[PDB]
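Visitor: Let me begin by handing over the structure; questions about it come next.
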Amino acid sequence: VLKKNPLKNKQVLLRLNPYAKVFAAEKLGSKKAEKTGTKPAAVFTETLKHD
Amino acid sequence: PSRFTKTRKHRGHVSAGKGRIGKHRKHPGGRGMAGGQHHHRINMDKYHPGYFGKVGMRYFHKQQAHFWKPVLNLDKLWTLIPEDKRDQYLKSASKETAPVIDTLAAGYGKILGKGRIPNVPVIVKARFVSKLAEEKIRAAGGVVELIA
Amino acid sequence: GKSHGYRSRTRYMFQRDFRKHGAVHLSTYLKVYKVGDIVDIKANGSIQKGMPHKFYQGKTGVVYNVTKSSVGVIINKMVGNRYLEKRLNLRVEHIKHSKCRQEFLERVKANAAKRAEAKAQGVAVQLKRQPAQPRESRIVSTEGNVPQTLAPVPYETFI
Amino acid sequence: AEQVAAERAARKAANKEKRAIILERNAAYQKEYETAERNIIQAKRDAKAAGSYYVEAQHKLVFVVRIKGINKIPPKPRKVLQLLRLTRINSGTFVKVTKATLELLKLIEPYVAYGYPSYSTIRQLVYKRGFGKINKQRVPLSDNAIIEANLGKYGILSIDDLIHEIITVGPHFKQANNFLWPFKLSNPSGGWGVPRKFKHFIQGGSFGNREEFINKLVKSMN
Amino acid sequence: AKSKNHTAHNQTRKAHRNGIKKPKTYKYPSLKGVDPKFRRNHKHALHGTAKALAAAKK
Amino acid sequence: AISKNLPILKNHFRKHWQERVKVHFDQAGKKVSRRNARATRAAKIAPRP
Amino acid sequence: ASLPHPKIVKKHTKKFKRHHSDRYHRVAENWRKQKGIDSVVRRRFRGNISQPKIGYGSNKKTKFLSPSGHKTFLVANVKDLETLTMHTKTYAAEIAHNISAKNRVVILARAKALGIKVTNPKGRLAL
Amino acid sequence: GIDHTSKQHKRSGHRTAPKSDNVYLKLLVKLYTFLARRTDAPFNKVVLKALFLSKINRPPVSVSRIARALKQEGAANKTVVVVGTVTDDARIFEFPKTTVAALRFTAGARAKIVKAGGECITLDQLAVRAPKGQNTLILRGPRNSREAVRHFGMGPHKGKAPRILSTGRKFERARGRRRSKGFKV
RNA sequence: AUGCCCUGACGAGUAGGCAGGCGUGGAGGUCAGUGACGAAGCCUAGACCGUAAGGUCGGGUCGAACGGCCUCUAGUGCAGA
RNA sequence: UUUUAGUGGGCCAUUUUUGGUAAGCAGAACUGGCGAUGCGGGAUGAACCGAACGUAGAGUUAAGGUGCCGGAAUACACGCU
RNA sequence: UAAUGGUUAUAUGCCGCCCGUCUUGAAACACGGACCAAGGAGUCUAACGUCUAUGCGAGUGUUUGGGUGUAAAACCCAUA
Ligand SMILES: [Mg+2]
Ligand SMILES: [Mg+2]
Ligand SMILES: [Mg+2]
Ligand SMILES: [Mg+2]
Ligand SMILES: [Mg+2]
Ligand SMILES: [Mg+2]
Ligand SMILES: [Mg+2]
Ligand SMILES: [Mg+2]
Ligand SMILES: [Mg+2]
Ligand SMILES: [Mg+2]
Ligand SMILES: [Mg+2]
Ligand SMILES: [Mg+2]
Ligand SMILES: [Mg+2]
Ligand SMILES: [Mg+2]
Ligand SMILES: [Mg+2]
Ligand SMILES: [Mg+2]
Ligand SMILES: [Mg+2]
Ligand SMILES: [Mg+2]
Ligand SMILES: [Mg+2]
Ligand SMILES: [Mg+2]
Ligand SMILES: [Mg+2]
Ligand SMILES: [Mg+2]
Ligand SMILES: [Mg+2]
Ligand SMILES: [Mg+2]
Ligand SMILES: [Mg+2]
Ligand SMILES: [Mg+2]
Ligand SMILES: [Mg+2]
Ligand SMILES: [Mg+2]
Ligand SMILES: [Mg+2]
Ligand SMILES: [Mg+2]
Ligand SMILES: [Mg+2]
Ligand SMILES: [Mg+2]
Ligand SMILES: [Mg+2]
Ligand SMILES: [Mg+2]
Ligand SMILES: [Mg+2]
Ligand SMILES: [Mg+2]
Ligand SMILES: [Mg+2]
Ligand SMILES: [Mg+2]
Ligand SMILES: [Mg+2]
Ligand SMILES: [Mg+2]
Ligand SMILES: [Mg+2]
């Protein structure tokens, strides 16, 4: 009789999408990224700062 | 019934269904069949081709009771025998007592062969017959008798 | 007054295609037309008999009747708010085969052939044509190809 | 002895495996969206390290919002907008990018804002504004059972299946996109920017391609 | 009076309000317009096909 | 005027026909008076048939 | 009293008066649709009177109900009153305008005996 | 505003009830509305629609048309169903024993069916003894054999029977009908 | 059961078409209808119902007849000429 | 598929046009409008811009604006006069 | 309870040109209208066309006439 909006109303957020519980549990939307230490080539930054 | 017409629905509206620009007049096309060869020709040809002109011979003093020749077909021909006696003629289909059908007394002038009488012999007293109608009656074992 | 004849406004259309005047070359008379073949109507001006009206130049239609030197071609003509079937008696030197239908019929033979080794193995061979899909990933190298262009040029009149 | 309780035991059982299926497939999609964006991020880092230039895959999906009303439209863009189901102002539709659609977009360019929708805007549009065409009859989605009743034959069983077939242009994108009744969006909440809409986005209006800035605009319209 | 002679303005709006139809083709067209020699033989080439079909089934 | 696909009519009503309209309202009246006349005559021409 | 009902919303309580009925005595206030080709009423120019249209129609739950929650039934005599014995929470009797003063006594006595709301129990009372 | 692609508030163009105020025909519609709703056999949906049809849309079915459909292969024991009137035919001399379910039977067509041991059945008796249309055979009479269809599409080179009152010589057999008098059609 | 209910979409408009209704004079039926204890008419910045056509009621005036409903019928609805 | 009404005086705008020095001119083509259409804006206007209309409530906008009339910054910024 | 609400009069803010008509275009310095009551304009008929309803249906149509009657009704009927 009345459309309730998921992204409000956590009950209808869980009626659809049972993974919404797990996403909020493992926080999954603010998850870290690994810190890799790649550096660009010399020709990339030289071309970037080129006139 | 005057209440069911659209005159009762046009009360209040100005033009009574006839339009303002057109403005319903006396006779905009001429009275009756005016200009059938001039300004009604696209209606005279297209839905009435052949109206203008003459066709063949004139017949002075035609009496239609000369031309009285009502046609009965062999698809019926047996309805003239009454329905009670009809079944005892179809069964016991024989010569030597065959039903007599006065075609003229039923009011037909010519007998025509539309098709497929049974194989019962009948005696037919017709004024005229056709060729096929003669053959089909005789192929059933009957006869055509000419009367006047 | 106004002129609305048969070959009106056909000054350039029935013309004879520079340095290709003269006789009709014999491949036109050796082409074979069957009923159902799809043909392009292009009038040859050097043949005045069996010549289509100017409406049908460039139109494409289907052969329905075959006579001694002429095909009968069916063209759809928009007349008011509908199309009407036009049946044209044109000699075969105003007529060539539509090269699209040769391109179609080979694809029918191709799709029959490609579905054969779809029946040996690996069903749903994906034989429908697809449009130009967006490009994939690339990795553009720079070895020998360092990126260089300068700026916009100034204004010079260079007369 | 009408025997309800065994059937209610069976139905509440069958709902539980069905949500178990949905839960693991959403976890499957969540991992694959994450690795896909991580691969593209690392590919750019790798190419910059290897002196090269990673060129992205060209975008396979646009989201088209009609930003112009109904009157005074020429016959050709009027027909293209009807074939894209943009029949009123602020309507939205996802469009798979091919050459046959890249030329439809160039016809209707001064009437639409389009651009490349992200996962978030696809998720929010389908969550908030998602409706289904079921006996044409515009059913709000609101439950996963009415997606599986109409798109289960293509293996789409939840709302997050339906988003996945839209963001990843799957083999049943056409059936999933035409199932969605066109999105009836509001006017944007901070306005449009742009004192005049009906110039191109490049010159300072709204229409045309605003490639990834469609996400700012559609989330304002949501 | 002086009158506007001719214009085709508004003529394609009326042409599309009722939706232009292609002429609705059929299997088996009419044999009007065919070479009469071919049609004459085609009467017999289809009569004998029916005789060889109707006798072979019965 | 001549109008849509309709049969050509031959209504003969361009004389002064409304002076010569005879409506037989008296069909029931003439029947009683004919039946009165036969009863009157049969009494007059008693036993004759 | 009556049944429970929602709050009665009328959407337009104002009478729909005919255009220029205020201006000429020959034009009655009875509603007539302006069918003039120039008419600023018909063309819905801003500033002009409202026209009756089906959007103003009453909600069907509360349509035909008096503010007392009853549909008015017009009653001539005691027998016509007694078709309302079971429907005393939906129908109110209105004694007709041409009923005698002594006959209005007898109707009001039975409607009190039956529990029917009579919406005009004061016509032709010597007071 | 909406760029509409279709005419708004369009009716279906189909009868949903008979125009007739026949009380018994409304009862049959009531009977077959229930059946078409609750049975899922397609016979009851076709029959209920044909109850709505007008008198020219229900042409008579002759008994010789009934007999010719029983000459069909393996259809001798089916139930002939005519949503309309069954009329006689004296052009046929043998009629088979069969079950006919019609609205009306003429007094001759009732005679020719019950003389051959058949039975003339109303459609409510049909729904009792065949509620899914089991072993039935719907027959429809010829619509375009009507005298009014001949005048439809009368035009040039159409051959379609001019709307005329008078027949013979002097009546539309002249200019426009022969290449002698003017032109030919 | 041209009922009751569920669901979805839609709603501009001259000329024009059609549908569903309102009102008037007279007719068949009905309400064993109203009525000299007051019919009909008329007046009423009093009341009520209907989106509306209109319907209803109260008060005043008045003095002999007149309504509802199912139908029939038309000399049937006015701001203009 | 049948049947039928009105219409058969037109006008404007963009673009491409013929004639004309030019026209709120006389004539064409394609489209969109007006006629037949209200609403917000252009002070005002048939045609422009925005947008087409059941009755209401709330939100957000369009085109256009935000000194005062007049709802909305005598806002911020760089200059020019 | 006139407290809310209705009606009504007034006041205030903002809006609102005179209707009908012909016209491409009307508030026009285009035509008609000083006001009011009453009357006042797509009807009936002959012959038909499409459609629809009804009766009967290879037939159909009693009503020109005749019989009958409680008398312009109703009912019944031969040959055309
Ligand atoms: Mg009108
Ligand atoms: Mg007029
Ligand atoms: Mg002349
Ligand atoms: Mg020329
Ligand atoms: Mg705000
Ligand atoms: Mg003209
Ligand atoms: Mg009110
Ligand atoms: Mg009112
Ligand atoms: Mg009035
Ligand atoms: Mg106007
Ligand atoms: Mg409307
Ligand atoms: Mg109504
Ligand atoms: Mg009356
Ligand atoms: Mg009394
Ligand atoms: Mg009184
Ligand atoms: Mg007063
Ligand atoms: Mg007196
Ligand atoms: Mg009158
Ligand atoms: Mg009036
Ligand atoms: Mg007057
Ligand atoms: Mg008037
Ligand atoms: Mg003309
Ligand atoms: Mg004119
Ligand atoms: Mg010039
Ligand atoms: Mg207007
Ligand atoms: Mg503006
Ligand atoms: Mg304006
Ligand atoms: Mg100005
Ligand atoms: Mg200003
Ligand atoms: Mg509200
Ligand atoms: Mg201010
Ligand atoms: Mg008090
Ligand atoms: Mg009080
Ligand atoms: Mg108050
Ligand atoms: Mg003002
Ligand atoms: Mg006009
Ligand atoms: Mg005016
Ligand atoms: Mg005046
Ligand atoms: Mg004057
Ligand atoms: Mg005067
Ligand atoms: Mg009057």
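We label chains A, B, ... in the order they appear in the structure tokens, count residues from 1 in each chain, and number ligands from 1 in the order shown.
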Could you tell me, as number ranges by chain, which residues of range 17-92 of chain B DSSP assigns to helix (DSSP H, G or I) when given the backbone?
Guide: B: 41-44, 83-90
Visitor: Show me which residues line ligand 32, defined as having an atom within 12 Å of a ligand atom where only C-alpha atoms (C1' of nucleotides) and all ligand atoms count, and present them as a PDB file with N, CA and C atoms (P, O5', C5', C4', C3', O3' and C1' of nucleotides), in the first residue's frame.
Guide:
ATOM      1  P     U K   1     -23.003  24.419  25.760  1.00  0.00           P
ATOM      2  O5'   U K   1     -23.174  25.939  25.316  1.00  0.00           O
ATOM      3  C5'   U K   1     -23.457  26.325  23.978  1.00  0.00           C
ATOM      4  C4'   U K   1     -22.363  27.225  23.463  1.00  0.00           C
ATOM      5  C3'   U K   1     -22.605  27.956  22.155  1.00  0.00           C
ATOM      6  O3'   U K   1     -23.032  29.275  22.459  1.00  0.00           O
ATOM      7  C1'   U K   1     -20.457  26.870  22.182  1.00  0.00           C
ATOM      8  P     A K   2     -23.768  30.227  21.402  1.00  0.00           P
ATOM      9  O5'   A K   2     -22.805  31.488  21.297  1.00  0.00           O
ATOM     10  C5'   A K   2     -22.518  32.116  20.056  1.00  0.00           C
ATOM     11  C4'   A K   2     -21.229  31.609  19.475  1.00  0.00           C
ATOM     12  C3'   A K   2     -20.546  32.540  18.488  1.00  0.00           C
ATOM     13  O3'   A K   2     -19.152  32.252  18.480  1.00  0.00           O
ATOM     14  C1'   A K   2     -21.199  30.571  17.380  1.00  0.00           C
ATOM     15  P     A K   3     -18.126  33.005  19.453  1.00  0.00           P
ATOM     16  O5'   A K   3     -16.719  32.414  19.007  1.00  0.00           O
ATOM     17  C5'   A K   3     -15.603  32.409  19.878  1.00  0.00           C
ATOM     18  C4'   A K   3     -14.849  31.107  19.799  1.00  0.00           C
ATOM     19  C3'   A K   3     -14.673  30.504  18.419  1.00  0.00           C
ATOM     20  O3'   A K   3     -13.608  31.088  17.688  1.00  0.00           O
ATOM     21  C1'   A K   3     -15.385  28.834  19.920  1.00  0.00           C
TER      22        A K   3
END
Visitor: Throw together the list of residues within 9 Å of ligand 4, counting only C-alpha atoms (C1' of nucleotides) and all ligand atoms, and drop it here as a compact mmCIF listing (two decimals) with C-alpha atoms, in the first residue's frame.
Guide:
# COMPACT_ATOMS: atom_id res chain seq x y z
CA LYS C 2 3.86 24.87 -66.08
CA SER C 3 5.42 21.78 -67.67
CA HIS C 4 4.98 18.33 -66.14
CA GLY C 5 6.03 15.92 -68.87
CA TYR C 6 7.47 12.44 -68.58
CA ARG C 7 11.19 13.27 -68.82
CA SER C 8 10.83 16.67 -67.19
CA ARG C 9 13.67 17.71 -64.85
CA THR C 10 15.71 14.70 -66.06
Visitor: Counting only C-alpha atoms (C1' of nucleotides) and all ligand atoms, what residues are within 8 Å of ligand 25, given as a list in words?
Guide: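 Those within range of ligand 25 are residues 37, 38 and 43 of chain G; 14 of chain I; 35, 36, 37 and 46 of chain J.
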Visitor: With a distance threshold of 8 Å and counting only C-alpha atoms, extract the residues of chain C near chain E and express them as a short mmCIF file (atom, residue, chain, number, x, y, z; two decimals) with N, CA, C and O atoms, in the first residue's frame.
Guide:
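Written out: iface13.cif:
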data_model
loop_
_atom_site.label_atom_id
_atom_site.label_comp_id
_atom_site.auth_asym_id
_atom_site.auth_seq_id
_atom_site.Cartn_x
_atom_site.Cartn_y
_atom_site.Cartn_z
N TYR C 64 9.30 -9.61 -60.46
CA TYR C 64 8.14 -10.50 -60.41
C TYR C 64 7.83 -11.17 -61.73
O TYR C 64 7.29 -12.28 -61.72
N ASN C 65 8.12 -10.54 -62.86
CA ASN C 65 7.79 -11.08 -64.16
C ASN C 65 9.01 -10.98 -65.06
O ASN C 65 9.79 -10.04 -64.95
N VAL C 66 9.18 -11.98 -65.92
CA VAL C 66 10.30 -12.03 -66.85
C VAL C 66 9.73 -12.26 -68.25
O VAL C 66 9.05 -13.25 -68.49
N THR C 67 10.01 -11.32 -69.15
CA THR C 67 9.68 -11.37 -70.56
C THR C 67 10.99 -11.38 -71.35
O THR C 67 12.05 -11.66 -70.78
N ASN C 76 7.65 -0.05 -54.17
CA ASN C 76 6.70 0.57 -53.25
C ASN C 76 6.80 2.08 -53.38
O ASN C 76 7.88 2.65 -53.23
N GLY C 80 0.31 9.68 -50.77
CA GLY C 80 -0.48 10.18 -49.66
C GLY C 80 -0.01 9.63 -48.33
O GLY C 80 1.12 9.89 -47.91
N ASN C 81 -0.86 8.85 -47.66
CA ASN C 81 -0.54 8.31 -46.35
C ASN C 81 -0.32 6.81 -46.36
O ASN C 81 -0.40 6.17 -45.31
N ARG C 82 -0.06 6.23 -47.53
CA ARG C 82 0.19 4.80 -47.63
C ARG C 82 1.12 4.55 -48.80
O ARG C 82 1.42 5.46 -49.59
N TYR C 83 1.60 3.32 -48.90
CA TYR C 83 2.42 2.87 -50.01
C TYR C 83 1.58 2.04 -50.96
O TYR C 83 0.73 1.25 -50.52
N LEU C 84 1.79 2.22 -52.26
CA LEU C 84 1.08 1.46 -53.27
C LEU C 84 2.07 0.65 -54.08
O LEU C 84 3.19 1.09 -54.34
N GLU C 85 1.66 -0.55 -54.47
CA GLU C 85 2.52 -1.45 -55.22
C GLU C 85 2.56 -1.00 -56.67
O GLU C 85 1.54 -1.00 -57.36
#
Visitor: Using only C-alpha atoms (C1' of nucleotides) and all ligand atoms, what are the residues with an atom within 12 Å of ligand 1, set out as a PDB file with N, CA, C and O atoms (P, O5', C5', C4', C3', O3' and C1' of nucleotides), in the first residue's frame?
Guide:
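Output (part_18.pdb):
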ATOM      1  N   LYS B   9     -28.971  17.464 -27.496  1.00  0.00           N
ATOM      2  CA  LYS B   9     -27.622  17.639 -26.994  1.00  0.00           C
ATOM      3  C   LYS B   9     -26.968  18.901 -27.512  1.00  0.00           C
ATOM      4  O   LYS B   9     -25.963  19.338 -26.950  1.00  0.00           O
ATOM      5  N   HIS B  10     -27.512  19.493 -28.563  1.00  0.00           N
ATOM      6  CA  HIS B  10     -26.951  20.695 -29.146  1.00  0.00           C
ATOM      7  C   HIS B  10     -27.570  21.957 -28.577  1.00  0.00           C
ATOM      8  O   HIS B  10     -27.180  23.056 -28.979  1.00  0.00           O
ATOM      9  N   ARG B  11     -28.518  21.824 -27.657  1.00  0.00           N
ATOM     10  CA  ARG B  11     -29.048  22.969 -26.934  1.00  0.00           C
ATOM     11  C   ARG B  11     -27.979  23.569 -26.038  1.00  0.00           C
ATOM     12  O   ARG B  11     -27.516  22.926 -25.093  1.00  0.00           O
ATOM     13  N   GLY B  12     -27.611  24.819 -26.309  1.00  0.00           N
ATOM     14  CA  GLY B  12     -26.597  25.531 -25.555  1.00  0.00           C
ATOM     15  C   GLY B  12     -25.395  25.903 -26.393  1.00  0.00           C
ATOM     16  O   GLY B  12     -24.795  26.959 -26.180  1.00  0.00           O
ATOM     17  N   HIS B  13     -25.047  25.056 -27.343  1.00  0.00           N
ATOM     18  CA  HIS B  13     -23.915  25.244 -28.226  1.00  0.00           C
ATOM     19  C   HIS B  13     -24.434  25.922 -29.481  1.00  0.00           C
ATOM     20  O   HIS B  13     -25.540  25.614 -29.934  1.00  0.00           O
ATOM     21  N   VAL B  14     -23.629  26.825 -30.040  1.00  0.00           N
ATOM     22  CA  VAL B  14     -24.140  27.846 -30.955  1.00  0.00           C
ATOM     23  C   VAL B  14     -24.612  27.235 -32.269  1.00  0.00           C
ATOM     24  O   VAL B  14     -25.746  27.452 -32.699  1.00  0.00           O
ATOM     25  N   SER B  15     -23.774  26.424 -32.894  1.00  0.00           N
ATOM     26  CA  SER B  15     -23.922  26.104 -34.304  1.00  0.00           C
ATOM     27  C   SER B  15     -24.802  24.899 -34.572  1.00  0.00           C
ATOM     28  O   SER B  15     -25.056  24.612 -35.744  1.00  0.00           O
ATOM     29  N   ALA B  16     -25.258  24.205 -33.525  1.00  0.00           N
ATOM     30  CA  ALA B  16     -26.056  22.978 -33.612  1.00  0.00           C
ATOM     31  C   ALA B  16     -25.374  21.914 -34.461  1.00  0.00           C
ATOM     32  O   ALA B  16     -25.999  21.253 -35.286  1.00  0.00           O
ATOM     33  N   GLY B  17     -24.073  21.755 -34.265  1.00  0.00           N
ATOM     34  CA  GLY B  17     -23.350  20.692 -34.920  1.00  0.00           C
ATOM     35  C   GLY B  17     -22.984  20.939 -36.362  1.00  0.00           C
ATOM     36  O   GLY B  17     -22.421  20.049 -36.999  1.00  0.00           O
ATOM     37  N   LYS B  18     -23.275  22.115 -36.903  1.00  0.00           N
ATOM     38  CA  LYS B  18     -23.075  22.381 -38.317  1.00  0.00           C
ATOM     39  C   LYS B  18     -21.861  23.246 -38.601  1.00  0.00           C
ATOM     40  O   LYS B  18     -21.501  23.418 -39.764  1.00  0.00           O
ATOM     41  N   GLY B  19     -21.238  23.793 -37.587  1.00  0.00           N
ATOM     42  CA  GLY B  19     -20.041  24.560 -37.815  1.00  0.00           C
ATOM     43  C   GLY B  19     -20.328  26.037 -37.926  1.00  0.00           C
ATOM     44  O   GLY B  19     -21.413  26.463 -38.325  1.00  0.00           O
ATOM     45  N   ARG B  20     -19.338  26.839 -37.557  1.00  0.00           N
ATOM     46  CA  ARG B  20     -19.477  28.279 -37.679  1.00  0.00           C
ATOM     47  C   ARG B  20     -19.046  28.755 -39.056  1.00  0.00           C
ATOM     48  O   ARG B  20     -19.719  29.587 -39.669  1.00  0.00           O
TER      49      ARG B  20
ATOM     50  N   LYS G  33     -22.068  26.808 -19.212  1.00  0.00           N
ATOM     51  CA  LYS G  33     -20.704  26.772 -19.703  1.00  0.00           C
ATOM     52  C   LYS G  33     -20.548  27.836 -20.775  1.00  0.00           C
ATOM     53  O   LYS G  33     -21.334  27.883 -21.725  1.00  0.00           O
ATOM     54  N   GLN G  34     -19.564  28.711 -20.604  1.00  0.00           N
ATOM     55  CA  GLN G  34     -19.294  29.725 -21.611  1.00  0.00           C
ATOM     56  C   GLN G  34     -18.752  29.072 -22.861  1.00  0.00           C
ATOM     57  O   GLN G  34     -17.640  28.550 -22.868  1.00  0.00           O
ATOM     58  N   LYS G  35     -19.550  29.073 -23.914  1.00  0.00           N
ATOM     59  CA  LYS G  35     -19.164  28.481 -25.178  1.00  0.00           C
ATOM     60  C   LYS G  35     -18.750  29.531 -26.179  1.00  0.00           C
ATOM     61  O   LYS G  35     -18.691  29.250 -27.378  1.00  0.00           O
ATOM     62  N   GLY G  36     -18.470  30.739 -25.706  1.00  0.00           N
ATOM     63  CA  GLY G  36     -17.998  31.775 -26.598  1.00  0.00           C
ATOM     64  C   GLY G  36     -16.584  31.492 -27.055  1.00  0.00           C
ATOM     65  O   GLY G  36     -15.774  30.915 -26.330  1.00  0.00           O
ATOM     66  N   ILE G  37     -16.291  31.913 -28.279  1.00  0.00           N
ATOM     67  CA  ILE G  37     -14.984  31.686 -28.854  1.00  0.00           C
ATOM     68  C   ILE G  37     -13.955  32.652 -28.299  1.00  0.00           C
ATOM     69  O   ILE G  37     -12.759  32.352 -28.314  1.00  0.00           O
ATOM     70  N   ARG G  42     -13.908  30.720 -20.585  1.00  0.00           N
ATOM     71  CA  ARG G  42     -13.738  29.426 -21.240  1.00  0.00           C
ATOM     72  C   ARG G  42     -12.273  29.116 -21.483  1.00  0.00           C
ATOM     73  O   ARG G  42     -11.833  27.974 -21.323  1.00  0.00           O
TER      74      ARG G  42
ATOM     75  P     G I  13     -10.011  20.583 -21.765  1.00  0.00           P
ATOM     76  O5'   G I  13     -10.574  21.281 -23.071  1.00  0.00           O
ATOM     77  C5'   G I  13     -10.486  22.681 -23.248  1.00  0.00           C
ATOM     78  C4'   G I  13     -10.089  23.043 -24.658  1.00  0.00           C
ATOM     79  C3'   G I  13     -10.954  22.486 -25.773  1.00  0.00           C
ATOM     80  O3'   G I  13     -12.120  23.268 -25.954  1.00  0.00           O
ATOM     81  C1'   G I  13      -8.673  22.192 -26.309  1.00  0.00           C
ATOM     82  P     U I  14     -13.346  22.785 -26.861  1.00  0.00           P
ATOM     83  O5'   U I  14     -13.306  23.766 -28.107  1.00  0.00           O
ATOM     84  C5'   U I  14     -13.520  25.164 -27.969  1.00  0.00           C
ATOM     85  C4'   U I  14     -13.505  25.846 -29.313  1.00  0.00           C
ATOM     86  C3'   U I  14     -14.376  25.199 -30.365  1.00  0.00           C
ATOM     87  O3'   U I  14     -15.695  25.691 -30.296  1.00  0.00           O
ATOM     88  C1'   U I  14     -12.222  25.613 -31.258  1.00  0.00           C
ATOM     89  P     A I  15     -16.952  24.725 -30.475  1.00  0.00           P
ATOM     90  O5'   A I  15     -16.912  24.341 -32.013  1.00  0.00           O
ATOM     91  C5'   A I  15     -16.998  25.334 -33.020  1.00  0.00           C
ATOM     92  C4'   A I  15     -16.675  24.752 -34.365  1.00  0.00           C
ATOM     93  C3'   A I  15     -17.314  23.417 -34.629  1.00  0.00           C
ATOM     94  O3'   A I  15     -18.683  23.503 -34.950  1.00  0.00           O
ATOM     95  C1'   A I  15     -15.072  23.326 -35.293  1.00  0.00           C
ATOM     96  P     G I  16     -19.754  22.737 -34.047  1.00  0.00           P
ATOM     97  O5'   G I  16     -19.431  21.202 -34.293  1.00  0.00           O
ATOM     98  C5'   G I  16     -19.427  20.660 -35.601  1.00  0.00           C
ATOM     99  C4'   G I  16     -18.609  19.407 -35.663  1.00  0.00           C
ATOM    100  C3'   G I  16     -19.089  18.295 -34.778  1.00  0.00           C
ATOM    101  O3'   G I  16     -20.221  17.647 -35.294  1.00  0.00           O
ATOM    102  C1'   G I  16     -16.774  18.476 -34.572  1.00  0.00           C
ATOM    103  P     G I  17     -21.356  17.189 -34.282  1.00  0.00           P
ATOM    104  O5'   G I  17     -20.910  15.720 -33.903  1.00  0.00           O
ATOM    105  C5'   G I  17     -20.572  14.797 -34.920  1.00  0.00           C
ATOM    106  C4'   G I  17     -19.817  13.627 -34.364  1.00  0.00           C
ATOM    107  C3'   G I  17     -20.458  12.940 -33.185  1.00  0.00           C
ATOM    108  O3'   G I  17     -21.510  12.070 -33.532  1.00  0.00           O
ATOM    109  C1'   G I  17     -18.194  13.294 -32.720  1.00  0.00           C
TER     110        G I  17
ATOM    111  P     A J   5     -21.335  13.405 -43.056  1.00  0.00           P
ATOM    112  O5'   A J   5     -20.939  14.411 -41.898  1.00  0.00           O
ATOM    113  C5'   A J   5     -21.856  14.686 -40.855  1.00  0.00           C
ATOM    114  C4'   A J   5     -21.175  15.323 -39.680  1.00  0.00           C
ATOM    115  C3'   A J   5     -20.389  16.575 -39.982  1.00  0.00           C
ATOM    116  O3'   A J   5     -21.211  17.721 -40.079  1.00  0.00           O
ATOM    117  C1'   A J   5     -19.108  15.151 -38.617  1.00  0.00           C
ATOM    118  P     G J   6     -21.024  18.745 -41.292  1.00  0.00           P
ATOM    119  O5'   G J   6     -19.752  19.596 -40.879  1.00  0.00           O
ATOM    120  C5'   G J   6     -19.787  20.480 -39.773  1.00  0.00           C
ATOM    121  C4'   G J   6     -18.400  20.737 -39.265  1.00  0.00           C
ATOM    122  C3'   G J   6     -17.466  21.465 -40.219  1.00  0.00           C
ATOM    123  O3'   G J   6     -17.557  22.866 -40.094  1.00  0.00           O
ATOM    124  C1'   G J   6     -16.404  19.538 -39.390  1.00  0.00           C
ATOM    125  P     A J  36      -9.683  30.210 -32.603  1.00  0.00           P
ATOM    126  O5'   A J  36      -9.027  29.240 -31.549  1.00  0.00           O
ATOM    127  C5'   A J  36      -9.841  28.522 -30.643  1.00  0.00           C
ATOM    128  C4'   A J  36      -9.159  27.288 -30.140  1.00  0.00           C
ATOM    129  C3'   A J  36      -7.728  27.449 -29.660  1.00  0.00           C
ATOM    130  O3'   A J  36      -7.590  26.713 -28.456  1.00  0.00           O
ATOM    131  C1'   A J  36      -7.865  25.709 -31.236  1.00  0.00           C
TER     132        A J  36
END
Visitor: Return as a list in words every polymer residue, whether protein, DNA or RNA, with at least one atom no more than 7 Å from an atom of ligand 8; count only C-alpha atoms (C1' of nucleotides) and all ligand atoms.
Guide: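 Residues lying within 7 Å of ligand 8: residues 14, 15, 16, 17 and 31 of chain G; 52 of chain I.
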Visitor: Based on only C-alpha atoms (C1' of nucleotides), which of the residues in chain J come within 7 Å of chain G? I want them as a list in words.
Guide: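 Here they are: residues 38, 54 and 55 of chain J.
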Visitor: May I have the residues within 12 Å of residue 103 in chain D as a count of residues only, using only C-alpha atoms (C1' of nucleotides) and disregarding those fewer than 6 positions away in the same chain?
Guide: 7
